[PDB]
Amino acid sequence: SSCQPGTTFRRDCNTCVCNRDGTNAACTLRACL
């Protein structure tokens with residue numbers, strides 16, 4: 001992931017939070033369908 005460190009964003013129906021150096025994200029594991 002290229003993201004703003006510590007920002008919240010969405011992948012489909014999932015909440016993601018960007019890691020401390022903006023290179024990855026942890027996201028919720030909902031089934032969106």
# chains A, B, ... in the order shown; residues from 1 in each chain; ligands from 1
call {"tool": "residues_around", "arguments": {"residues": "residue A:30", "least_positions_apart": "4", "cutoff": "10 Å", "atoms": "only C-alpha atoms", "output": "list in words"}}
result
residues 12, 13, 14 and 15 of chain A
call {"tool": "residues_around", "arguments": {"residues": "residue A:16", "least_positions_apart": "4", "cutoff": "6 Å", "atoms": "only C-alpha atoms", "output": "list in words"}}
result
residues 8, 9, 10, 25, 26 and 27 of chain A
call {"tool": "write_last_selection", "arguments": {"atoms": "N, CA, C and O atoms", "output": "PDB file, in the first residue's frame"}}
result
ATOM      1  N   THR A   8      -7.132   6.566   7.896  1.00  0.00           N
ATOM      2  CA  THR A   8      -8.203   5.567   7.670  1.00  0.00           C
ATOM      3  C   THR A   8      -8.689   5.709   6.222  1.00  0.00           C
ATOM      4  O   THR A   8      -8.849   6.841   5.743  1.00  0.00           O
ATOM      5  N   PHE A   9      -8.881   4.600   5.527  1.00  0.00           N
ATOM      6  CA  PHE A   9      -9.448   4.567   4.159  1.00  0.00           C
ATOM      7  C   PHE A   9     -10.235   3.264   4.008  1.00  0.00           C
ATOM      8  O   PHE A   9     -10.279   2.483   4.978  1.00  0.00           O
ATOM      9  N   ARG A  10     -10.892   3.084   2.861  1.00  0.00           N
ATOM     10  CA  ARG A  10     -11.768   1.919   2.580  1.00  0.00           C
ATOM     11  C   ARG A  10     -11.209   1.116   1.404  1.00  0.00           C
ATOM     12  O   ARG A  10     -10.624   1.706   0.484  1.00  0.00           O
ATOM     13  N   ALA A  25      -1.172  -1.426   5.088  1.00  0.00           N
ATOM     14  CA  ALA A  25      -2.449  -1.152   5.765  1.00  0.00           C
ATOM     15  C   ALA A  25      -2.950  -2.461   6.404  1.00  0.00           C
ATOM     16  O   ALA A  25      -2.673  -3.564   5.859  1.00  0.00           O
ATOM     17  N   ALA A  26      -3.559  -2.362   7.584  1.00  0.00           N
ATOM     18  CA  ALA A  26      -4.386  -3.433   8.171  1.00  0.00           C
ATOM     19  C   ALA A  26      -5.851  -3.046   7.941  1.00  0.00           C
ATOM     20  O   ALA A  26      -6.226  -1.891   8.186  1.00  0.00           O
ATOM     21  N   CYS A  27      -6.632  -3.985   7.424  1.00  0.00           N
ATOM     22  CA  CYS A  27      -8.058  -3.787   7.053  1.00  0.00           C
ATOM     23  C   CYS A  27      -8.931  -4.806   7.794  1.00  0.00           C
ATOM     24  O   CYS A  27      -8.447  -5.926   8.099  1.00  0.00           O
TER      25      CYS A  27
END
call {"tool": "residues_around", "arguments": {"residues": "residue A:21", "least_positions_apart": "4", "cutoff": "9 Å", "atoms": "only C-alpha atoms", "output": "list in words"}}
result
residues 3, 4, 5 and 6 of chain A
call {"tool": "write_last_selection", "arguments": {"atoms": "N, CA, C and O atoms", "output": "short mmCIF file (atom, residue, chain, number, x, y, z; two decimals), in the first residue's frame"}}
result
data_model
loop_
_atom_site.label_atom_id
_atom_site.label_comp_id
_atom_site.auth_asym_id
_atom_site.auth_seq_id
_atom_site.Cartn_x
_atom_site.Cartn_y
_atom_site.Cartn_z
N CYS A 3 0.06 4.73 1.21
CA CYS A 3 -1.01 5.46 1.94
C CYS A 3 -0.40 6.50 2.90
O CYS A 3 0.80 6.40 3.21
N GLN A 4 -1.19 7.48 3.33
CA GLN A 4 -0.78 8.49 4.34
C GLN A 4 -0.70 7.79 5.69
O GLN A 4 -1.68 7.21 6.13
N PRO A 5 0.48 7.79 6.34
CA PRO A 5 0.68 7.14 7.63
C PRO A 5 -0.46 7.45 8.61
O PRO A 5 -0.80 8.60 8.80
N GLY A 6 -1.04 6.40 9.18
CA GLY A 6 -2.04 6.51 10.25
C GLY A 6 -3.40 6.96 9.74
O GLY A 6 -4.29 7.13 10.58
#
call {"tool": "residues_around", "arguments": {"residues": "residue A:7", "least_positions_apart": "5", "cutoff": "9 Å", "atoms": "only C-alpha atoms", "output": "ChimeraX atom specification"}}
result
/A:16-19,22
call {"tool": "select_by_dssp", "arguments": {"residues": "chain A", "states": "strand (DSSP E or B)", "output": "list in words"}}
result
residues 8, 9, 10, 11, 14, 15, 16, 17, 18, 25, 26 and 27 of chain A
